[PDB]
Structure formats: structure tokens, C-alpha cells
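Here we start with a single chain on its own, the form solved without this ligand, put down as C-alpha cells.
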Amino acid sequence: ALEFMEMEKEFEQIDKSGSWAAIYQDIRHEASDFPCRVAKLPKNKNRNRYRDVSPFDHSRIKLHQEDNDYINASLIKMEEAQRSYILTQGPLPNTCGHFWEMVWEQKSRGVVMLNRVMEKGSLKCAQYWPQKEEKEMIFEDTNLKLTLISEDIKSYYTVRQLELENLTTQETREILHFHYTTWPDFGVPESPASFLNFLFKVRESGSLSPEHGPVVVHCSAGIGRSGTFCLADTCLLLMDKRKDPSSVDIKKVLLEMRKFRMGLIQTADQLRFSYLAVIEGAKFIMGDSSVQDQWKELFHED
């Protein structure tokens, strides 16, 4: 009856010894370092939100425009898990057209937003989507029209249906916007329940299906919260796919992902939270008594 997951035993040992900072720093020491020459070009200075957060040249997403193909976004391709994600920074006042151009060109079905437009009294990203059905947005620079079709506000997240039209061809597509609205201004969530439920909602939408382009995920820099979302998702998927689930090593998965975008998971607390999310998510998926009750009731409805 009683059996701890291997990462559960690891988690307890790290927690008991108070070594999250040491564990996290080792991951930082071992992380890949690749050039980001395009990102650093003078003409792209206003396309980057932070000088210290850039996409590697080898995995960056290229816009299909002869002028400037640059956008601060990276393709994270997880072979084994058979999952792909585009991690990007929150759009800037001048990169909203590029953002939606990327969504269009990459054939993405979903956009996952993990920050609020304003946090800690500052703007974390531009208001890049329409807030009223009757007030659509037109991005002149990339010739795209974006319309709010519907929106459903829940206590921990909001899901919006958006229609994106390429004005050049008049083709239209429906994009689902999954907005996690409750990550605290400081630190990480006390419990991974709502974040996990949110991940399950994005999964259920079909947005992560290999039949669509990669889901686009962003927070402010596109590495912290965004990194936790993809890391948790990929670890859980691997645990369901492998013959030996206890072989899934979150640290190894995180390093693999860091081969495609720098800085994924920005603090030791975010690492600890990622462990908590995977552990609790794995137990829920495994039909565990405790996790299910406290979930169905409050985590779901109410």
C-alpha cells in the first residue's frame, strides 16, 4: 500500500537538508550555452523585453518576412515525450503583430499566458488581445485581424476563444487563449492544484496535440512560469509513456529543455514548485484517494 515515488523521496531529502538553492545552482552551472547572435543585433534591441533573456539562434522561431525575421521565441522540441512548445516573452507594444504572425505561421491552436498584464505595479506585457467582442484588433504591420469570440472567467484562469484572420488570404482560424490569472506577484503558488488543473484544461482543449503547431507559452520573460508549465507537462507525459515511470528525472528533463531556451525555471522556489506539481499530478493521474477528493470539490468547481 505505502510506496513513495522516487522523486518524492528525493524531494523530501532536499527539503529536509534545505538544499534547494544548491540543487538549483548546479542545474544552472550545467545548463547549455549557445549563441544568440540574431537577438543581439542592434536592429532587434526594441524586440527584446530583457537584455539578459534571449532565444538561442539554433532554436529561435523565425518570422516569414524578408525584412526582419526576429521574435524573442524558442521552439522546445521534446523527442521522447512527443511534445513541442514555443516559449516566448510577453509581447511588447511593438511586437504584438509579430506575436500573432508567429501564431499564424506556426499553426498554433493555443496560447498559454501565465502572467497578468500588470503585476507588482508594472506592465509585464502589452494588452495584445481584444477585451470586447465589438472592438477587434488590426495589426497593420503583419496584416492580421484578431477578434474576441468568447471568454469564460473562472476563479483561477480564463479561457478565451479568439478568431485570427490573415487579411491577405482572408483565411481565418480559431485560437484558444488559456490565461492562468492567479500566480502570485511574489513567489510560487502555495499548492500546485490550481496550476495543475489549468494544465489539464489546456491539455483537454486539444491545443497540445501533434496535429497542431506547437502551443505558444509565455509569461513576462518566457522562461520562469513558462518553464514550469512545460517541465511539468513533459515530466507527467513521460511518466505515462515509459515502462518505468520512476526513471523520469525532472532535473534531466529540465536540462534537456534548457538546450532550447536559456534560464527555464528562474528560482530554486520555482524548481521546488515544479517537483511538487509533478508529484501531485502523477498521484492524481494515478487515481489517488487523498489528491482526488481535495481536487474534485474545490480544485474543480467551487
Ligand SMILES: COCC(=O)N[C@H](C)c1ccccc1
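Sequential numbering from 1, following the sequence displayed.
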Per the PDB entry, mean CA B-factor is higher for 291-299 or 2-10, namely for 291-299
Of 282-290 vs 18-26, the stretch with the larger average CA B-factor in the entry is 282-290
From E211, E105, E119, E136, can you pick the one with the highest C-alpha B factor in the entry? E211
For the CA B factor values reported in this entry, which option in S274, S246, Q266, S54 has the top one? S246
Where does the C-alpha B-factor of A81 rank in its chain, lowest, middle or highest third? highest
CA B-factor placement of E66, once the chain's modelled residues are sorted into thirds: highest
State the tercile, meaning the lowest, middle or highest third, of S194 with respect to the CA B-factors recorded for its chain. lowest
Splitting the chain's C-alpha B-factors into thirds, which one does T234 fall into? lowest
Looking at the C-alpha B-factor of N48, is it in the lowest, middle or highest third of its chain? middle
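Separately, the form solved in complex with this ligand exists; it is not shown, and the next lines address it.
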With the partner left out here, which residues of 61-83 have a non-hydrogen atom within 4.5 Å of this ligand in the bound PDB entry? none
